[PDB]
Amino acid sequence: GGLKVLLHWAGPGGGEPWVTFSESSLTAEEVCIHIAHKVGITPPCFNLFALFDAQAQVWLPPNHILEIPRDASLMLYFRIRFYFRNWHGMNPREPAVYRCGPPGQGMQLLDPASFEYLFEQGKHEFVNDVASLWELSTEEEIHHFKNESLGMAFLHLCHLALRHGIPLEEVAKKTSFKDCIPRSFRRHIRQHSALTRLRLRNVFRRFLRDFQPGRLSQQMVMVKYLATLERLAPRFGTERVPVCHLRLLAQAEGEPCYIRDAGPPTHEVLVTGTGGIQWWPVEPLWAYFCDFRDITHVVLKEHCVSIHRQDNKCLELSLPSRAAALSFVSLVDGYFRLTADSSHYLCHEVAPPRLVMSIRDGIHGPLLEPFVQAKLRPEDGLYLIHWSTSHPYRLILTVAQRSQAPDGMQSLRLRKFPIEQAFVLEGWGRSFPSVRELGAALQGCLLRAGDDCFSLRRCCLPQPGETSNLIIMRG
């Protein structure tokens, strides 16, 4: 009965942690935008999210065509895919992360709803062994992991107490610490001694007694939980991709992915927001390939991927399937968008449809006010179109007006007009097929707002590598 997309959080208001889609065909992007909006996620945060196929263990590229009834049996989760370790800035041993600030706040990576979704997703991955007890060897590491997992289960229940507005003791009786710890630790407890069970129960009941009502807020419990999860789980917020073949090649010595007239994994390629692209064979050490800003393009031919660096060196990869190659290319392309270029994509095979449209129609992403001002200020008659920073389906046509700030010093006043979709500008009797068509008609015309007039002389276009709040700066 339709495509059921699973949620880790239903957003404010709540309800069923899923969204069912009945439309004959939809893109993965349309799905994510619809869900992001329902959950309260804002437009500057939309591109952090993607759809994960939990059974096939692949993510969908944003141009993936979902079809109903054909895909009614797919098990998909809506999740944060693009992650920056230490974004909260709680580990001093690693750099900070922020959105570009105004020229010469809006610098925070996440909005309130993206943070709460991240926390709910983190709890799911934690319980699902993103950090396994089995991966440990020494008594010191095992003891630390168990004690930390109990502290995490304590934070999990404290949050629930605050969220539902009930004391910690009534939460502790409805929810067990065993349901808030990694599954590998839960299995360990069950298989081990009855006296060890009694002891862990008493250690946890003690953790509950050292709780102070009014000491911490819901937000502080969440940040600490997430920051502890990062410390416990080095794999959390990262992706390790298995490949069947891996080669490094210099371009002026051969063509990669060449058409010629699958096997067990030989390597893993690691991709992280703060560390770029690394690899290792399956004594172990991650070799470094490049950062996202070093990539010129990515070539995808069947299940074969080629990552091209500016110096013409290539990382050639054979993935287990076409769906695995599309998952992988959309991971590299998604981090490239966030760290290097808001208005470019590395491979047409996985390009976000809303971005392809934006590039051809000369539309900017959800830019904050100081970035649009820096674009309109050079000349009179300048204008631009950008996606709204609050509304997912609204475009903003913007002009700058002569104004006088307090002191008598000449200032700049912005006038914002909405374009809605068959794109229509609110106040103009015409209707257009594309925004490029609506913008081409706009060229040379005169805009009237109250008693003021504005010459629509030139449309500012997105420039390659230009900094804005859409760019994520790695400290």
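Sequential numbering from 1, following the sequence displayed.
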Exercise. Counting only residues from the deposited sequence, how many are left out of the model between residue 214 and residue 215 (none, 1 to 3, 4 to 9, 10 or more)?
Worked result: none
For this session: Going by the average Cα B-factor in the PDB entry, point out whether 397-405 or 137-145 comes out higher.
Result: 397-405
Exercise. Which has the higher mean CA temperature factor in the PDB entry, 69-77 or 161-169?
Worked result: 161-169
Exercise. Which of these has the highest Cα B-factor in the record: 358, 251, 266, 184?
Worked result: 251
Exercise. Between 333, 210, 116, 341, which carries the biggest CA temperature factor in the record?
Worked result: 210
Exercise. Of the three thirds of its chain by CA temperature factor, lowest, middle or highest, which one includes residue 414?
Worked result: highest
Exercise. Mind checking which third residue 365 falls in for C-alpha B-factor across the chain?
Worked result: lowest
Exercise. How does residue 62 rank on Cα B-factor within its chain, lowest, middle or highest third?
Worked result: lowest
For this session: Going by the recorded CA B-factors, say which third of the chain residue 320 sits in, lowest, middle or highest.
Result: middle
For this session: Select lowest, middle or highest to describe the third in which the CA B-factor of residue 425 falls within its chain in this entry.
Result: highest
